[PDB]
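[1] Experimental structure and sequence below, a few questions after.
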Amino acid sequence: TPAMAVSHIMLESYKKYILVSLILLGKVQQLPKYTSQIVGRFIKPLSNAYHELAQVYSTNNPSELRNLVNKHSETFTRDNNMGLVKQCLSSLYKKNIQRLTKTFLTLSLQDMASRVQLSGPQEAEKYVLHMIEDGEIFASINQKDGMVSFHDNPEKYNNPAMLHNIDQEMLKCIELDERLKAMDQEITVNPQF
Amino acid sequence: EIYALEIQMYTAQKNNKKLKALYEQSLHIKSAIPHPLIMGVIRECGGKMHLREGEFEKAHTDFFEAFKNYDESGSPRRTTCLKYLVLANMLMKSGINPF
Amino acid sequence: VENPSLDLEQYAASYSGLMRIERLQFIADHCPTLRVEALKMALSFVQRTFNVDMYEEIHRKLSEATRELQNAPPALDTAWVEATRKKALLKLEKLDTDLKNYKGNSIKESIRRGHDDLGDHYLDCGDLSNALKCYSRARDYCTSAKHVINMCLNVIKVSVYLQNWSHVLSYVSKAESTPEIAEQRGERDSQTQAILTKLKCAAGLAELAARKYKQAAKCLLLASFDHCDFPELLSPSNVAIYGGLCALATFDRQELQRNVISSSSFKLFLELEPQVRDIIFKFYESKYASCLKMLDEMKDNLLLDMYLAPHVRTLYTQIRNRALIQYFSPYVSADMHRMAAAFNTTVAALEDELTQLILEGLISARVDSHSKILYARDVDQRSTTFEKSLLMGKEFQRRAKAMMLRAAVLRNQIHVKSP
């Protein structure tokens, strides 16, 4: 939104933007170049704790993020967004478990507890099971041997499901283009410059 | 002739670096010279040297011209030079047509 | 930092001047136990060419070393220092007189030669800045290309001691471009005075100090053995060490085969240092156990080198990583125990190293830590193309919705007012 003065609605939405981007994505999503100057000049250094949170999030260290959450806890509770930062901590743990898929195929639960910093294979099994159920990871659990088997193969792109998905996505692009045709026509009718 | 004797000494002394330098220096005197056996003697070493370094095509050409000079003069180096020519034909990967 | 395999006598015999002084001081500063012999040799050579400061530094360090040697279970010659100071000052006055005489006579050859002798004596005394100023002023009194080449070589010589590698490279390219692009052909059937070799060695050391190991090796590999002695910069044995390690670290298999192994020019250098030659050959023959064994055997001895040491961490890490890639390149499924045994490390340490190598490096594999097997990963072309295309379409749609609303707010003039 174009702005000459800074509003509290923009500050709170920016803080919650950083939090949600840390939950949804592995990092903070870049805001467009057309964002107001006051955002980068005033809003950015006012919500310093949130960029400090993203700075600690980038190191992939949970204990340090925990220390930073305990450090500015009063500021996070003051903004009434304490909970989303706990979801950021949990998403950092999830991100650390997700990073294991890129390097490992069959990994021990104790090794996962040691690498992700969870203490005990029990918590590693809990996290993996939750992540499979929520569709966040593509893995399997072997209790007998105490192993986690990463598959990483959701689809081969031969289902009709993809045919219907592509048809729906294409219909969304067609809808968008028809809307753009209507806007372009509306402008063509208006006086010249 | 002097360079041929120097090369003959360093062939028994087994000093490769020197033989490379001597052969590369002998190639300059070959431009304006008569037609003796010496021209084909240095080439034999020039062939062996090229096998020591790894250049099998240059060794093959050297052993071919040396064999021609040894054919014009005579045995016993002719048969051995022909053996080194076949060895260079095989090592070149692949000449497979010496005779 | 301890290694008794170093031969201080031959190492000191190979170099000369401030290079000999700074290298002996480097061995003395970085390596104890051998500090005594390094200080004795340094003092003996510091007395030559006449130098005061270096004598005071070495005498202070030899006295602290003798105190430590007496704590475990030469006297200050001020007369010679003052005599040296008097001799150096009087010789500088003689050189100033002759320089002013040739400047008064106005002869290009005489003034240029005067500045060269001046600079040599400034280098002998121990003036690091003034020695460059002499050749800097000598620049203007040049006519033929040869005078500029000699001057550039002197500028480069001083700039090495001053650590101005950008100026070294600039004057190297200058001295390469001035004589009609290195005499075009090559002075007909090679030249007796190998200048190109000195230029490639100086540029090689300059590229090495700038941490550009590929270009440093590319320059060092082109240097011919016919130059032989050069103690003002680097010895041929060290040319083989520097060039060999840099080429092994940066060059790939095809590049090592064509530019290092089949290279006849560098072969002689490889004959001087057999250890480096064995390391390169064992790296190419896939004998990584003996390669790392010889490399770790060299490590502590190469750690004492003046210019090579600040890169010893990078080079070794670059080599090891490359070796790990070259080892896994022909495999679809490799045993981690044989790999750990081939790389002289433990299975868990190899697992950590490989995890780091997959996360950033050229290794495209998955670690099966249960059975201790490294499986090569084959990217499903179709699924990856579809995935990134579908995600691009989604990102495109979100950018379209965003700009649709941007068009709406700019149309309706919706904005936050300042007051």
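    That came through fine. Numbers count the residues shown, from 1 in each chain, chains lettered A, B, ... in the order given.

[2] alpha carbons only for contacts and neighbour counts from here, please
    OK.

[3] What are the boundaries of the helices in chain B?
    B:2-13, B:16-29, B:38-53, B:56-73, B:77-91 (DSSP state H).

[4] ok now the first one, how far from the chain's centre?
    Taking the mean C-alpha point of helix B:2-13 and that of its whole chain, the gap between them comes to 13 Å (CA atoms, centre = their mean, to the nearest Å).

[5] Can I get the helices of chain B in JSON lines including distance to residue A:78 and mean neighbour count?
    Shown next, in JSON lines, are the helices of chain B (distance: least, CA to CA, whole Å; neighbours: other CA atoms under 10 Å in any protein chain shown):
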{"stretch": "helix B:2-13", "distance to residue A:78": "90", "mean neighbour count": "15"}
{"stretch": "helix B:16-29", "distance to residue A:78": "81", "mean neighbour count": "15"}
{"stretch": "helix B:38-53", "distance to residue A:78": "78", "mean neighbour count": "21"}
{"stretch": "helix B:56-73", "distance to residue A:78": "81", "mean neighbour count": "21"}
{"stretch": "helix B:77-91", "distance to residue A:78": "82", "mean neighbour count": "19"}
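
[6] With respect to residue A:178, which of those helices lies nearest?
    Between residue A:178 and those, the shortest separation by CA to CA is 70.1 Å, and it involves helix B:56-73.

[7] that's a strand at residue C:345, yeah?
    No: read with DSSP: H, G, I helix; E, B strand; the rest coil, residue C:345 is coil and lies in no strand.

[8] Report how many residues lie close to it.
    13 (other CA atoms under 10 Å in any protein chain shown).

[9] ok, so what distance separates residue A:163 from residue C:381?
    To residue C:381, residue A:163 is 18 Å away according to CA to CA, to the nearest Å.

[10] Any chance of the backbone angles for the closest residue to residue C:307 other than its chain neighbours?
    Leaving aside its sequence neighbours, residue C:307 sits nearest to residue C:209 (CA to CA, 6 or more residues apart in numbering or on different chains; 7.3 Å). Backbone torsions of residue C:209, given as degrees, to the nearest 10, read phi -60, psi -30.

[11] buried ones in the helix or strand residue A:14 falls within?
    Assessed by DSSP states H and E, residue A:14 sits inside helix A:8-24. Within helix A:8-24, the residues that count as buried by 16 or more other CA atoms under 10 Å in any protein chain shown are A:11, A:14, A:15, A:16, A:17, A:18, A:19, A:20, A:21, A:22, A:23.

[12] And stretch C:210-228, by the same measure?
    C:213-225.

[13] Contacting chain A as well, which ones from these?
    Contacts with chain A within the buried residues of stretch C:210-228, counted by CA under 8 Å from any CA of the partner chain: none were found.

[14] Please flag which of those sit within helices.
    Counting by DSSP H, the buried residues of stretch C:210-228 place C:213, C:214, C:215, C:216, C:217, C:218, C:219, C:220 in helices.

[15] which other helices and strands contact the top helix by length along chain A?
    Secondary structure of chain A per DSSP H: the longest helix is helix A:160-189. Judged by 3 or more CA pairs under 8 Å, 6 or more residues apart in numbering or on different chains; DSSP states H and E, the packing partners of helix A:160-189 are helix C:381-412.

[16] so what does the helix it packs on touch, helix or strand wise?
    Applying 3+ CA pairs under 8 Å, 6+ apart, one finds that helix C:381-412 contacts helix A:160-189.

[17] hang on, the earlier thing: could you dump the helices of chain B to TSV with distance to residue C:12?
    As requested, these are exported to TSV (distance: least, CA to CA, whole Å):
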stretch	distance to residue C:12
helix B:2-13	30
helix B:16-29	26
helix B:38-53	33
helix B:56-73	41
helix B:77-91	45
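
[18] Test my guess that residue A:68 contacts residue A:53.
    Yes: using CA atoms under 8 Å, residue A:68 is in contact with residue A:53, at 7.0 Å.

[19] of these two, who's got more company?
    Higher neighbour count among residue A:68 and residue A:53: residue A:53, with 22 against 16, using other CA under 10 Å.

[20] Quick check: that one is in a helix.
    Yes: counting by three-state DSSP, residue A:53 falls inside a helix.

[21] give the contact list for it.
    A:65, A:68, A:69 (CA atoms under 8 Å, 6 or more residues apart in numbering or on different chains).

[22] out of the residues you listed, who's nearest chain C?
    Checking those against chain C with CA to the nearest CA, the nearest one is residue A:65 at 22.4 Å.

[23] Return the residues in contact with the closest one.
    By CA under 8 Å, 6+ apart, residue A:65 lies in contact with A:53, A:56, A:57, A:89.

[24] Residue A:91 too?
    Counting by CA under 8 Å, 6+ apart, residue A:91 makes contact with A:22, A:23.

[25] Please report how far it lies from chain C.
    To chain C, residue A:91 is 20 Å away according to CA to the nearest CA, to the nearest Å.

[26] I figured residue A:87 was touching residue A:23, is that so?
    Yes: under the criterion of CA under 8 Å, residue A:87 makes contact with residue A:23 at 6.5 Å.

[27] could you measure the residue nearest the centre of chain B against residue C:227, distance?
    Computing the C-alpha centroid of chain B and ranking residues by CA atoms, centre = their mean puts residue B:44 first, at 2.0 Å. When distance is defined by CA to CA, residue B:44 is 28 Å away from residue C:227.
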